[PDB]
Amino acid sequence: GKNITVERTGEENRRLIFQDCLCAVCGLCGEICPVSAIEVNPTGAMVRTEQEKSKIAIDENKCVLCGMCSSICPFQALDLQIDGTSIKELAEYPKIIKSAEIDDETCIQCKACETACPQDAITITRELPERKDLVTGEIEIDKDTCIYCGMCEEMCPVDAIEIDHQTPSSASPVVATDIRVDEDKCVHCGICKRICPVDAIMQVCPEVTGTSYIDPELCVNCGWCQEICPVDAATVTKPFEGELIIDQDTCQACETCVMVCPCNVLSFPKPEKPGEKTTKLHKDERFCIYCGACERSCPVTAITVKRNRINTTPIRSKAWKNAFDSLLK
Amino acid sequence: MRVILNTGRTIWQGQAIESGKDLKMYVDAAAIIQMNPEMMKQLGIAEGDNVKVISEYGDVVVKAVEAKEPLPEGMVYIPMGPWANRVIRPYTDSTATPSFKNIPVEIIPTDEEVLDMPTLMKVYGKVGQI
Amino acid sequence: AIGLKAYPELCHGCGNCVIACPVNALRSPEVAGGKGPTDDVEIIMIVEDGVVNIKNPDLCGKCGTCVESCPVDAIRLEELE
Amino acid sequence: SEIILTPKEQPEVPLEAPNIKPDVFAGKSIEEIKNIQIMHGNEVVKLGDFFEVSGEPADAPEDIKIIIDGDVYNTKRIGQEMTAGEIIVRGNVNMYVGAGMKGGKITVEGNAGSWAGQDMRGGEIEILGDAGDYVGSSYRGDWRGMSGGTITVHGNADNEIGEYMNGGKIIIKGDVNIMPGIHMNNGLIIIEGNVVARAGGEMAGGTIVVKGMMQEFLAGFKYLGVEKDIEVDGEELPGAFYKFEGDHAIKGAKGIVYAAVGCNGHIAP
Ligand code: SF4
Ligand code: SF4
Ligand code: SF4
Ligand code: SF4
Ligand code: SF4
Ligand code: SF4
Ligand code: SF4
Ligand code: SF4
Ligand code: SF4
Ligand code: SF4
Ligand SMILES: [Ca+2]
Ligand SMILES: [K+]
Ligand SMILES: [K+]
Ligand SMILES: [K+]
Ligand SMILES: [K+]
Ligand SMILES: [K+]
């Protein structure tokens, strides 16, 4: 429905695929295209309202399947394939240097990065030890001494004690037929032995494994995982270097940029006490990738993005070098 | 209304098949849709009103009756017979046995009449073969 | 292309869109603070004769703030051609 | 050497043609191939009564390529128990395509009926359209099913794919309905699309991989955690998968079900 495929068959097959669900509407593909084949719809409208249209439109009569748009996209939304292989696996094509990884030996499966990730790209699992391995003790009920008062069963905090209650009959003239302690549930608190009115109860007092996974298609290299991690197990490198500039007086706090930002850089801080004033639009550039979506979305141009470097090895092709340099400002 | 159609026996449908499938008592026992009173209230119908049942496989008109054997919420019951077999799932899943029970159907009130046994069978358009 | 479109026949003239719009708020301190403009000003839209009326469509950035502010869908962002 | 079978109008009473295979065509002239017997209901007929025949004969089945140049939607058992060579069907097939085959390759360009590759021992079956129920299954009553070979369906398949599977591999590129891998003992089933319900029901061993969504699953499975960038019998599957062991309704069950994390959060406990 909303995805677009531009394809051309022949001696060499070339196929450009656009995935609408991955697009952040940053506008970089439209800016880089040397033949202006792409038209990107308004950023705020595509994010904040219901639209039947795709986020971008690719003109088949202008596109030459060069792959510059696929290379620059920071969101993995555009992929150019040549004879079935993606340009990210072909060294002839300039590639942006970026990464995100978790060191499995250092990670303690705390799940803070999973919660913090703005793109839900992380999966953190953990196998907790069984409860019985985190307590030590012995417990035994003398069933001959037990009068089935039910006080231990009621007071047990984990429901480890079970009594087989019954209504007496002339054939079975008893209020219960058995009492048992589930030793896998018992936490050896000692409550049951202390409440028993006939002293029928005697009671006396594994590392965390897991998996860590970063989805490379959803990850945008924001660095939230690296910063939030308490043991420094996560490492991230970004595609671009730059600066954000906000004019607090021009901003009218419409919240468009806050909603648009795919890296959760921007926020509206709440005052801690009555009468306190806060910064109208708060940024933390440690999480910024300099995509430009915020600036593009702002109707009053109160927020601007400067891009100082695009991290690659030296670009050999003059056409590609000129296109990448046009995105610096 | 979207509902789940269950089908099967009633003692009354049993008495009717053994008395005669050509009698009025067979139409009264098997050309019916049993429903909980709450569903009849949702649809705006009373016992004796007709209902048009439409599935992906066919359509039929049957008479609404209050269920004496309570149904789970959202389920209806048509007794086994040619009225039920206009709308249940024919496919056998390579077992030989059709899906006679628990089929999604659309039910609405109708002023159309229930078809008697010979009239219902005319929908198939039998052509003489000798 | 996507642009601002009014449906005055559905409009209550409530003014939520006029006030919510960051372009209007930047151009008019009265609008920023919830009032209709009294000082002469050039803004995107105003409530006139009881309904929303688009005056300067070229100033719209198609952000969608006005759209979220209207519960009766009387101001929209849609394909104009 | 190519032998071309051009179908005449297919009959309403289906044909059963287990003799359409390189093993029977080997060493026969074009005129002898036209006299090959097939069933048309309760009558024995000649292959030539329902197909035009042309091409070049060959003495060994490994050098024979049978091309059915048309739709054979009402022809059953094509390629049954073949050991070598190739069959290409430029259209649909009915039930039992490649049933019990030991080697060679069958390509169906259209759809296939139920029991495609039933009791397969070796070779390859490739269906470019959809398949029916019982892809790579066993026969009624038998506890020993498919023991080898690869079956690939590019479209969708229905119920009980790999029923009582005891080796080999089944790949469904589309969706399946219910009970894939029912009573599976060994082998590998990969479903690239979705499953409605009961994957691995009563399985004792083998592996099932679901890349799409399982709408419903089974309480007899134990959740083992997540595994990433898995490899099963040489097949590399990138990404994260919820891992389950079962079906523990069966004594000594060691079967594994992998389900893609992205669309199966509701299946994990
Ligand atoms: S570059 Fe930005 S706008 Fe273009 S496809 Fe990627 S995310 Fe969408
Ligand atoms: S492949 Fe090249 S020509 Fe086509 S849209 Fe992308 S940048 Fe423009
Ligand atoms: S408290 Fe003592 S007497 Fe009462 S039920 Fe428990 S064990 Fe038996
Ligand atoms: S020790 Fe505490 S947990 Fe164990 S049975 Fe007695 S009351 Fe329950
Ligand atoms: S870099 Fe950002 S997007 Fe990538 S996994 Fe870490 S938190 Fe998620
Ligand atoms: S925040 Fe650090 S320790 Fe905690 S789960 Fe993520 S990588 Fe592992
Ligand atoms: S910077 Fe622009 S987009 Fe962001 S809240 Fe302020 S006015 Fe709205
Ligand atoms: S704040 Fe940074 S990451 Fe967020 S939208 Fe703006 S440029 Fe992109
Ligand atoms: S368009 Fe909607 S928000 Fe704006 S004045 Fe009319 S009813 Fe109020
Ligand atoms: S879309 Fe944004 S800029 Fe345009 S009128 Fe609505 S609120 Fe103002
Ligand atoms: Ca069997
Ligand atoms: K998250
Ligand atoms: K208790
Ligand atoms: K840190
Ligand atoms: K802007
Ligand atoms: K609205």
# chains A, B, ... in the order shown; residues from 1 in each chain; ligands from 1
call {"tool": "closest_atom_pairs", "arguments": {"of": "chain D", "to": "ligand 11", "cutoff": "10 Å", "atoms": "only C-alpha atoms and all ligand atoms", "output": "Markdown table"}}
result
| residue | atom | partner | partner_atom_place_in_ligand_line | distance |
| --- | --- | --- | --- | --- |
| D:137 | CA | ligand 11 | 1 (Ca) | 7.6 |
| D:138 | CA | ligand 11 | 1 (Ca) | 5.0 |
| D:139 | CA | ligand 11 | 1 (Ca) | 4.9 |
| D:140 | CA | ligand 11 | 1 (Ca) | 4.3 |
| D:141 | CA | ligand 11 | 1 (Ca) | 4.4 |
| D:142 | CA | ligand 11 | 1 (Ca) | 4.2 |
| D:143 | CA | ligand 11 | 1 (Ca) | 5.2 |
| D:144 | CA | ligand 11 | 1 (Ca) | 7.2 |
| D:145 | CA | ligand 11 | 1 (Ca) | 7.1 |
| D:163 | CA | ligand 11 | 1 (Ca) | 7.2 |
| D:164 | CA | ligand 11 | 1 (Ca) | 6.4 |
| D:165 | CA | ligand 11 | 1 (Ca) | 9.6 |
| D:182 | CA | ligand 11 | 1 (Ca) | 10.0 |
| D:183 | CA | ligand 11 | 1 (Ca) | 8.8 |
call {"tool": "residues_near_ligand", "arguments": {"ligand": "ligand 14", "cutoff": "8 Å", "atoms": "only C-alpha atoms and all ligand atoms", "output": "number ranges by chain"}}
result
A: 225-234
call {"tool": "interface_residues", "arguments": {"of": "chain A", "to": "chain C", "cutoff": "12 Å", "atoms": "only C-alpha atoms", "output": "count of residues only"}}
result
42
call {"tool": "residues_around", "arguments": {"residues": "stretch 85-89 of chain B", "least_positions_apart": "2", "cutoff": "12 Å", "atoms": "only C-alpha atoms", "output": "mmCIF file with C-alpha atoms, in the first residue's frame"}}
result
data_model
loop_
_atom_site.group_PDB
_atom_site.id
_atom_site.type_symbol
_atom_site.label_atom_id
_atom_site.label_comp_id
_atom_site.auth_asym_id
_atom_site.auth_seq_id
_atom_site.Cartn_x
_atom_site.Cartn_y
_atom_site.Cartn_z
ATOM 1 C CA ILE B 4 -20.982 -17.371 15.805
ATOM 2 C CA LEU B 5 -23.309 -20.048 14.380
ATOM 3 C CA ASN B 6 -23.384 -23.397 16.213
ATOM 4 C CA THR B 7 -25.570 -26.283 14.835
ATOM 5 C CA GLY B 8 -26.680 -29.722 16.010
ATOM 6 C CA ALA B 30 -35.357 -26.962 12.096
ATOM 7 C CA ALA B 31 -35.993 -23.591 10.231
ATOM 8 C CA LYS B 52 -31.864 -13.265 7.453
ATOM 9 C CA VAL B 53 -28.595 -15.242 8.086
ATOM 10 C CA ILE B 54 -25.690 -14.546 5.607
ATOM 11 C CA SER B 55 -22.265 -16.231 5.593
ATOM 12 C CA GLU B 56 -19.406 -16.344 3.054
ATOM 13 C CA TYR B 57 -21.012 -19.661 1.813
ATOM 14 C CA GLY B 58 -24.738 -18.836 1.381
ATOM 15 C CA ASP B 59 -27.925 -17.312 2.863
ATOM 16 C CA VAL B 60 -31.173 -18.400 4.603
ATOM 17 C CA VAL B 61 -34.330 -17.047 6.342
ATOM 18 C CA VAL B 62 -35.186 -18.707 9.737
ATOM 19 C CA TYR B 77 -27.926 -22.083 17.308
ATOM 20 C CA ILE B 78 -29.703 -23.415 14.195
ATOM 21 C CA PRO B 79 -30.708 -27.122 14.423
ATOM 22 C CA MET B 80 -29.154 -29.453 11.834
ATOM 23 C CA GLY B 81 -31.100 -29.557 8.565
ATOM 24 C CA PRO B 82 -31.179 -27.913 5.109
ATOM 25 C CA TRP B 83 -31.709 -24.383 6.513
ATOM 26 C CA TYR B 91 -14.636 -27.276 3.355
ATOM 27 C CA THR B 92 -13.276 -30.498 4.927
ATOM 28 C CA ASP B 93 -9.574 -29.559 5.443
ATOM 29 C CA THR B 97 -15.894 -33.929 7.208
ATOM 30 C CA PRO B 98 -17.318 -30.393 6.675
ATOM 31 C CA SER B 99 -17.197 -27.618 9.316
ATOM 32 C CA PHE B 100 -20.823 -27.838 10.550
ATOM 33 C CA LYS B 101 -20.127 -25.962 13.849
ATOM 34 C CA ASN B 102 -18.945 -22.452 14.949
ATOM 35 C CA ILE B 103 -19.034 -20.395 11.734
ATOM 36 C CA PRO B 104 -19.024 -16.543 11.620
ATOM 37 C CA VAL B 105 -22.350 -15.249 10.169
ATOM 38 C CA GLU B 106 -24.158 -11.891 9.772
ATOM 39 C CA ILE B 107 -27.756 -11.770 11.170
ATOM 40 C CA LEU B 120 -35.894 -24.304 -0.081
ATOM 41 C CA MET B 121 -34.470 -27.195 -2.188
ATOM 42 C CA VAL B 123 -32.474 -22.901 -4.735
ATOM 43 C CA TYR B 124 -30.139 -25.708 -5.988
#
call {"tool": "residues_around", "arguments": {"residues": "residue A:157", "least_positions_apart": "6", "cutoff": "12 Å", "atoms": "only C-alpha atoms", "output": "number ranges by chain"}}
result
A: 151, 185-192
call {"tool": "select_by_dssp", "arguments": {"residues": "chain B", "states": "strand (DSSP E or B)", "output": "ChimeraX atom specification"}}
result
/B:2-8,32-35,50-54,59-66,75-79,89,99,103-110
call {"tool": "write_last_selection", "arguments": {"atoms": "C-alpha atoms", "output": "PDB file, in the first residue's frame"}}
result
ATOM      1  CA  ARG B   2     -21.734 -10.503  13.540  1.00  0.00           C
ATOM      2  CA  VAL B   3     -22.322 -13.782  15.539  1.00  0.00           C
ATOM      3  CA  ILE B   4     -20.982 -17.371  15.805  1.00  0.00           C
ATOM      4  CA  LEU B   5     -23.309 -20.048  14.380  1.00  0.00           C
ATOM      5  CA  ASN B   6     -23.384 -23.397  16.213  1.00  0.00           C
ATOM      6  CA  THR B   7     -25.570 -26.283  14.835  1.00  0.00           C
ATOM      7  CA  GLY B   8     -26.680 -29.722  16.010  1.00  0.00           C
ATOM      8  CA  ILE B  32     -35.243 -21.678  13.466  1.00  0.00           C
ATOM      9  CA  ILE B  33     -32.473 -19.648  15.130  1.00  0.00           C
ATOM     10  CA  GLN B  34     -32.146 -20.007  18.950  1.00  0.00           C
ATOM     11  CA  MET B  35     -30.848 -16.836  20.646  1.00  0.00           C
ATOM     12  CA  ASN B  50     -37.812 -13.805  11.008  1.00  0.00           C
ATOM     13  CA  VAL B  51     -34.023 -13.367  10.650  1.00  0.00           C
ATOM     14  CA  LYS B  52     -31.864 -13.265   7.453  1.00  0.00           C
ATOM     15  CA  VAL B  53     -28.595 -15.242   8.086  1.00  0.00           C
ATOM     16  CA  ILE B  54     -25.690 -14.546   5.607  1.00  0.00           C
ATOM     17  CA  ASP B  59     -27.925 -17.312   2.863  1.00  0.00           C
ATOM     18  CA  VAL B  60     -31.173 -18.400   4.603  1.00  0.00           C
ATOM     19  CA  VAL B  61     -34.330 -17.047   6.342  1.00  0.00           C
ATOM     20  CA  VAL B  62     -35.186 -18.707   9.737  1.00  0.00           C
ATOM     21  CA  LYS B  63     -37.578 -17.949  12.657  1.00  0.00           C
ATOM     22  CA  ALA B  64     -36.128 -16.526  15.909  1.00  0.00           C
ATOM     23  CA  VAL B  65     -36.842 -18.430  19.172  1.00  0.00           C
ATOM     24  CA  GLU B  66     -35.528 -17.851  22.711  1.00  0.00           C
ATOM     25  CA  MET B  75     -23.388 -17.436  19.810  1.00  0.00           C
ATOM     26  CA  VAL B  76     -26.593 -18.581  18.041  1.00  0.00           C
ATOM     27  CA  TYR B  77     -27.926 -22.083  17.308  1.00  0.00           C
ATOM     28  CA  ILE B  78     -29.703 -23.415  14.195  1.00  0.00           C
ATOM     29  CA  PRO B  79     -30.708 -27.122  14.423  1.00  0.00           C
ATOM     30  CA  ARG B  89     -18.594 -24.050   6.015  1.00  0.00           C
ATOM     31  CA  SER B  99     -17.197 -27.618   9.316  1.00  0.00           C
ATOM     32  CA  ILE B 103     -19.034 -20.395  11.734  1.00  0.00           C
ATOM     33  CA  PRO B 104     -19.024 -16.543  11.620  1.00  0.00           C
ATOM     34  CA  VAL B 105     -22.350 -15.249  10.169  1.00  0.00           C
ATOM     35  CA  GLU B 106     -24.158 -11.891   9.772  1.00  0.00           C
ATOM     36  CA  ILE B 107     -27.756 -11.770  11.170  1.00  0.00           C
ATOM     37  CA  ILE B 108     -30.391  -9.056  10.581  1.00  0.00           C
ATOM     38  CA  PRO B 109     -34.198  -8.835  11.025  1.00  0.00           C
ATOM     39  CA  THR B 110     -36.308  -9.538   7.891  1.00  0.00           C
TER      40      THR B 110
END
call {"tool": "closest_atom_pairs", "arguments": {"of": "chain A", "to": "ligand 2", "cutoff": "9 Å", "atoms": "only C-alpha atoms and all ligand atoms", "output": "JSON lines"}}
result
{"residue": "A:6", "atom": "CA", "partner": "ligand 2", "partner_atom_place_in_ligand_line": "4 (Fe)", "distance": 8.2}
{"residue": "A:16", "atom": "CA", "partner": "ligand 2", "partner_atom_place_in_ligand_line": "1 (S)", "distance": 6.8}
{"residue": "A:29", "atom": "CA", "partner": "ligand 2", "partner_atom_place_in_ligand_line": "7 (S)", "distance": 6.5}
{"residue": "A:30", "atom": "CA", "partner": "ligand 2", "partner_atom_place_in_ligand_line": "8 (Fe)", "distance": 7.5}
{"residue": "A:31", "atom": "CA", "partner": "ligand 2", "partner_atom_place_in_ligand_line": "7 (S)", "distance": 8.9}
{"residue": "A:32", "atom": "CA", "partner": "ligand 2", "partner_atom_place_in_ligand_line": "7 (S)", "distance": 6.3}
{"residue": "A:33", "atom": "CA", "partner": "ligand 2", "partner_atom_place_in_ligand_line": "7 (S)", "distance": 3.8}
{"residue": "A:34", "atom": "CA", "partner": "ligand 2", "partner_atom_place_in_ligand_line": "8 (Fe)", "distance": 6.1}
{"residue": "A:35", "atom": "CA", "partner": "ligand 2", "partner_atom_place_in_ligand_line": "8 (Fe)", "distance": 6.0}
{"residue": "A:36", "atom": "CA", "partner": "ligand 2", "partner_atom_place_in_ligand_line": "8 (Fe)", "distance": 6.3}
{"residue": "A:37", "atom": "CA", "partner": "ligand 2", "partner_atom_place_in_ligand_line": "5 (S)", "distance": 5.1}
{"residue": "A:38", "atom": "CA", "partner": "ligand 2", "partner_atom_place_in_ligand_line": "5 (S)", "distance": 5.6}
{"residue": "A:58", "atom": "CA", "partner": "ligand 2", "partner_atom_place_in_ligand_line": "5 (S)", "distance": 6.1}
{"residue": "A:59", "atom": "CA", "partner": "ligand 2", "partner_atom_place_in_ligand_line": "5 (S)", "distance": 7.6}
{"residue": "A:60", "atom": "CA", "partner": "ligand 2", "partner_atom_place_in_ligand_line": "4 (Fe)", "distance": 8.1}
{"residue": "A:62", "atom": "CA", "partner": "ligand 2", "partner_atom_place_in_ligand_line": "3 (S)", "distance": 6.8}
{"residue": "A:63", "atom": "CA", "partner": "ligand 2", "partner_atom_place_in_ligand_line": "4 (Fe)", "distance": 3.7}
{"residue": "A:64", "atom": "CA", "partner": "ligand 2", "partner_atom_place_in_ligand_line": "3 (S)", "distance": 4.4}
{"residue": "A:65", "atom": "CA", "partner": "ligand 2", "partner_atom_place_in_ligand_line": "1 (S)", "distance": 3.6}
{"residue": "A:66", "atom": "CA", "partner": "ligand 2", "partner_atom_place_in_ligand_line": "2 (Fe)", "distance": 3.9}
{"residue": "A:67", "atom": "CA", "partner": "ligand 2", "partner_atom_place_in_ligand_line": "1 (S)", "distance": 4.1}
{"residue": "A:68", "atom": "CA", "partner": "ligand 2", "partner_atom_place_in_ligand_line": "7 (S)", "distance": 4.4}
{"residue": "A:69", "atom": "CA", "partner": "ligand 2", "partner_atom_place_in_ligand_line": "6 (Fe)", "distance": 4.2}
{"residue": "A:70", "atom": "CA", "partner": "ligand 2", "partner_atom_place_in_ligand_line": "6 (Fe)", "distance": 6.3}
{"residue": "A:71", "atom": "CA", "partner": "ligand 2", "partner_atom_place_in_ligand_line": "7 (S)", "distance": 8.7}
{"residue": "A:78", "atom": "CA", "partner": "ligand 2", "partner_atom_place_in_ligand_line": "6 (Fe)", "distance": 8.2}
{"residue": "A:80", "atom": "CA", "partner": "ligand 2", "partner_atom_place_in_ligand_line": "1 (S)", "distance": 7.2}
call {"tool": "write_last_selection", "arguments": {"atoms": "N, CA, C and O atoms", "output": "compact mmCIF listing (two decimals), in the first residue's frame"}}
result
# COMPACT_ATOMS: atom_id res chain seq x y z
N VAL A 6 10.98 1.32 -7.09
CA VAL A 6 11.37 1.84 -8.42
C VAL A 6 12.31 0.77 -8.93
O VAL A 6 13.28 0.41 -8.24
N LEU A 16 15.09 0.08 -6.17
CA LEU A 16 15.06 0.99 -5.01
C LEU A 16 13.76 0.73 -4.26
O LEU A 16 12.70 0.88 -4.86
N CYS A 29 16.72 12.63 1.83
CA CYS A 29 16.71 11.98 0.51
C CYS A 29 16.34 12.99 -0.59
O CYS A 29 16.98 13.03 -1.64
N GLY A 30 15.33 13.81 -0.32
CA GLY A 30 14.90 14.86 -1.24
C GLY A 30 15.98 15.91 -1.46
O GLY A 30 16.18 16.36 -2.59
N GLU A 31 16.70 16.27 -0.39
CA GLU A 31 17.79 17.25 -0.47
C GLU A 31 18.99 16.72 -1.24
O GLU A 31 19.58 17.46 -2.02
N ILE A 32 19.37 15.45 -1.04
CA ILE A 32 20.55 14.87 -1.69
C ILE A 32 20.36 14.52 -3.17
O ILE A 32 21.35 14.50 -3.90
N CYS A 33 19.14 14.14 -3.59
CA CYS A 33 18.92 13.67 -4.96
C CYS A 33 19.43 14.68 -6.00
O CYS A 33 18.89 15.78 -6.09
N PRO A 34 20.44 14.31 -6.81
CA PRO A 34 20.98 15.27 -7.79
C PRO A 34 20.06 15.62 -8.96
O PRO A 34 20.32 16.62 -9.62
N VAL A 35 18.99 14.85 -9.21
CA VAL A 35 18.03 15.14 -10.28
C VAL A 35 16.65 15.55 -9.72
O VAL A 35 15.69 15.64 -10.47
N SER A 36 16.56 15.81 -8.39
CA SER A 36 15.33 16.21 -7.73
C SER A 36 14.12 15.29 -8.04
O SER A 36 13.03 15.76 -8.35
N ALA A 37 14.36 13.97 -7.98
CA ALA A 37 13.31 12.97 -8.25
C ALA A 37 12.37 12.78 -7.06
O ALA A 37 11.26 12.27 -7.25
N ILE A 38 12.80 13.15 -5.83
CA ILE A 38 12.01 12.94 -4.62
C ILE A 38 11.31 14.20 -4.12
O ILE A 38 11.93 15.26 -4.01
N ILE A 58 8.49 9.30 -5.33
CA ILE A 58 9.68 9.15 -6.17
C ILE A 58 9.23 9.18 -7.64
O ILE A 58 8.49 8.29 -8.06
N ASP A 59 9.68 10.19 -8.40
CA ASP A 59 9.32 10.36 -9.81
C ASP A 59 10.14 9.37 -10.67
O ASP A 59 11.34 9.58 -10.87
N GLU A 60 9.47 8.32 -11.18
CA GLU A 60 10.09 7.30 -12.05
C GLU A 60 10.70 7.86 -13.33
O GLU A 60 11.60 7.23 -13.90
N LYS A 62 12.37 10.68 -13.55
CA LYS A 62 13.61 11.39 -13.18
C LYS A 62 14.63 10.49 -12.47
O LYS A 62 15.82 10.69 -12.68
N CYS A 63 14.20 9.53 -11.63
CA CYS A 63 15.14 8.68 -10.88
C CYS A 63 16.06 7.89 -11.82
O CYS A 63 15.57 7.30 -12.79
N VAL A 64 17.38 7.91 -11.53
CA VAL A 64 18.41 7.18 -12.30
C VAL A 64 19.01 6.03 -11.47
O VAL A 64 19.99 5.44 -11.90
N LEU A 65 18.39 5.69 -10.30
CA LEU A 65 18.81 4.59 -9.44
C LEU A 65 20.32 4.64 -9.07
O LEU A 65 21.01 3.62 -9.08
N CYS A 66 20.81 5.85 -8.73
CA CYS A 66 22.21 6.09 -8.34
C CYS A 66 22.52 5.57 -6.92
O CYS A 66 23.67 5.22 -6.66
N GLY A 67 21.52 5.58 -6.02
CA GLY A 67 21.66 5.12 -4.65
C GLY A 67 22.09 6.13 -3.60
O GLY A 67 22.31 5.73 -2.46
N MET A 68 22.22 7.43 -3.94
CA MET A 68 22.63 8.45 -2.96
C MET A 68 21.62 8.58 -1.81
O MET A 68 22.03 8.68 -0.65
N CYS A 69 20.31 8.56 -2.13
CA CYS A 69 19.22 8.63 -1.14
C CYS A 69 19.26 7.45 -0.17
O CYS A 69 19.11 7.64 1.04
N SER A 70 19.50 6.23 -0.69
CA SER A 70 19.63 5.02 0.14
C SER A 70 20.84 5.13 1.10
O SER A 70 20.73 4.74 2.27
N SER A 71 21.97 5.66 0.59
CA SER A 71 23.18 5.82 1.41
C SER A 71 23.00 6.83 2.55
O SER A 71 23.37 6.53 3.67
N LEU A 78 15.21 3.58 2.88
CA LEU A 78 15.49 3.46 1.45
C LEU A 78 16.64 2.50 1.25
O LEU A 78 17.70 2.70 1.84
N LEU A 80 18.78 0.49 -1.97
CA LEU A 80 19.02 0.24 -3.39
C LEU A 80 19.70 -1.13 -3.50
O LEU A 80 20.72 -1.34 -2.85
call {"tool": "residues_near_ligand", "arguments": {"ligand": "ligand 8", "cutoff": "9 Å", "atoms": "only C-alpha atoms and all ligand atoms", "output": "PyMOL selection string"}}
result
chain A and resi 24+26+220+222+242-244+257-266+283-285+287-297+303-306
call {"tool": "write_last_selection", "arguments": {"atoms": "C-alpha atoms", "output": "mmCIF file, in the first residue's frame"}}
result
data_model
loop_
_atom_site.group_PDB
_atom_site.id
_atom_site.type_symbol
_atom_site.label_atom_id
_atom_site.label_comp_id
_atom_site.auth_asym_id
_atom_site.auth_seq_id
_atom_site.Cartn_x
_atom_site.Cartn_y
_atom_site.Cartn_z
ATOM 1 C CA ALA A 24 10.961 9.741 9.892
ATOM 2 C CA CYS A 26 13.608 14.133 7.786
ATOM 3 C CA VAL A 220 18.901 5.142 14.584
ATOM 4 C CA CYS A 222 20.798 8.007 19.072
ATOM 5 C CA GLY A 242 26.568 19.028 14.145
ATOM 6 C CA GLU A 243 24.725 21.526 16.362
ATOM 7 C CA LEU A 244 21.084 22.425 17.319
ATOM 8 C CA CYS A 257 9.165 19.063 16.949
ATOM 9 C CA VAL A 258 8.873 17.148 20.283
ATOM 10 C CA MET A 259 6.468 14.638 18.637
ATOM 11 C CA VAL A 260 8.499 14.480 15.390
ATOM 12 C CA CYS A 261 11.948 13.803 16.918
ATOM 13 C CA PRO A 262 12.698 10.043 16.519
ATOM 14 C CA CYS A 263 15.545 10.210 19.142
ATOM 15 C CA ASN A 264 13.606 11.774 22.064
ATOM 16 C CA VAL A 265 16.049 14.775 22.145
ATOM 17 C CA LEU A 266 13.356 17.423 22.766
ATOM 18 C CA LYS A 283 17.240 19.710 24.266
ATOM 19 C CA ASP A 284 19.934 17.139 25.137
ATOM 20 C CA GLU A 285 22.291 16.849 22.105
ATOM 21 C CA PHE A 287 20.915 11.918 21.800
ATOM 22 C CA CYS A 288 20.770 13.979 18.556
ATOM 23 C CA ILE A 289 21.724 12.549 15.110
ATOM 24 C CA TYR A 290 21.306 15.888 13.170
ATOM 25 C CA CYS A 291 18.652 14.410 10.838
ATOM 26 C CA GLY A 292 16.890 17.808 10.523
ATOM 27 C CA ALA A 293 13.271 16.546 11.033
ATOM 28 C CA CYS A 294 12.615 19.031 13.915
ATOM 29 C CA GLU A 295 13.705 22.094 11.866
ATOM 30 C CA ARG A 296 11.689 20.879 8.835
ATOM 31 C CA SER A 297 8.531 20.432 10.965
ATOM 32 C CA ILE A 303 14.825 25.440 15.766
ATOM 33 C CA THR A 304 17.712 25.051 13.284
ATOM 34 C CA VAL A 305 20.157 22.188 12.617
ATOM 35 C CA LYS A 306 23.813 22.687 11.524
#
call {"tool": "residues_near_ligand", "arguments": {"ligand": "ligand 4", "cutoff": "12 Å", "atoms": "only C-alpha atoms and all ligand atoms", "output": "count of residues only"}}
result
46
call {"tool": "select_by_dssp", "arguments": {"residues": "stretch 72-311 of chain A", "states": "helix (DSSP H, G or I)", "output": "PyMOL selection string"}}
result
chain A and resi 72+87-89+112-116+131-134+151-155+191-195+224-228+256-260+285-287+293-297
call {"tool": "residues_around", "arguments": {"residues": "stretch 39-49 of chain C", "least_positions_apart": "4", "cutoff": "10 Å", "atoms": "only C-alpha atoms", "output": "PyMOL selection string"}}
result
chain C and resi 4+6+8+11-19+21+23-31+53-60
call {"tool": "interface_residues", "arguments": {"of": "chain A", "to": "chain D", "cutoff": "12 Å", "atoms": "only C-alpha atoms", "output": "count of residues only"}}
result
19
call {"tool": "atom_distance", "arguments": {"atom1": "atom CA of residue D:203", "atom2": "atom CA of residue D:255"}}
result
5.9 Å
call {"tool": "residues_near_ligand", "arguments": {"ligand": "ligand 16", "cutoff": "7 Å", "atoms": "only C-alpha atoms and all ligand atoms", "output": "number ranges by chain"}}
result
C: 67-73
call {"tool": "residues_around", "arguments": {"residues": "residue D:52", "least_positions_apart": "2", "cutoff": "8 Å", "atoms": "only C-alpha atoms", "output": "list in words"}}
result
residues 4, 5, 6, 7, 8, 34, 48, 50 and 54 of chain D
call {"tool": "residues_around", "arguments": {"residues": "residue B:42", "least_positions_apart": "4", "cutoff": "10 Å", "atoms": "only C-alpha atoms", "output": "list in words"}}
result
residues 1, 37 and 38 of chain B
